[PDB]
Amino acid sequence: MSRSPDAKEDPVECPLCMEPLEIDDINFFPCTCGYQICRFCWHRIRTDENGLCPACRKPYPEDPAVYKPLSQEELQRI
Ligand SMILES: [Zn+2]
Ligand SMILES: [Zn+2]
């Protein structure tokens, strides 16, 4: 009953377990490559797993193991 070509919108669905993504869960991905999961999917990857990305193979952005920028590369030491 409208003149617009798009008068509706669907919610996102966790493509890992299949569930209703909450509002703050929409952009809740453990990785910035898009591979997004819900809370029941991330509560297991960052727990009994290496908190890594099963889609691009990367450490979730949030200090997963230790994180290292570029400390001593040759270890000068004394
Ligand atoms: Zn899920
Ligand atoms: Zn990723």
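Residues numbered from 1 in each chain as written, not as in the entry; some residues may be left out. Chains lettered and ligands numbered in written order. Heavy atoms only, no water.

Method of determination, as annotated in the archive: solution NMR.

Right, let's talk about the coordination of the zinc ion (ligand 1) for a bit. Here the zinc ion (ligand 1) is held by the protein donor atoms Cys14 (SG), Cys17 (SG), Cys38 (SG) and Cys41 (SG), which lie 2.3 Å from it. Metal-centred angles of 107 to 113 degrees between the 4 donor atoms at the zinc ion (ligand 1) mark the site as tetrahedral. Mapped onto the polypeptide sequence, the residues donating to the zinc ion (ligand 1) form the spacing pattern C-x2-C-x20-C-x2-C. Of the two residues, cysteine 14 sits in the segment before α1 (39-45) while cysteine 38 sits in the segment before α1, which places them 24 residues apart along the sequence. The class for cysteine 14 is buried, based on a relative accessible area of 2%. (Donors = N, O, S within 2.8 Å, 3.2 Å for Na, K, Ca; no water. Tetrahedral: all angles 85-135°; square planar, octahedral: opposite > 155°, others 65-115°. Helix = DSSP H or I, 4+ residues; strand = E, 2+ residues; numbered from the N terminus. Buried < 20%, exposed > 50% of the residue type's maximum accessible area, 1.4 Å probe, protein only.)

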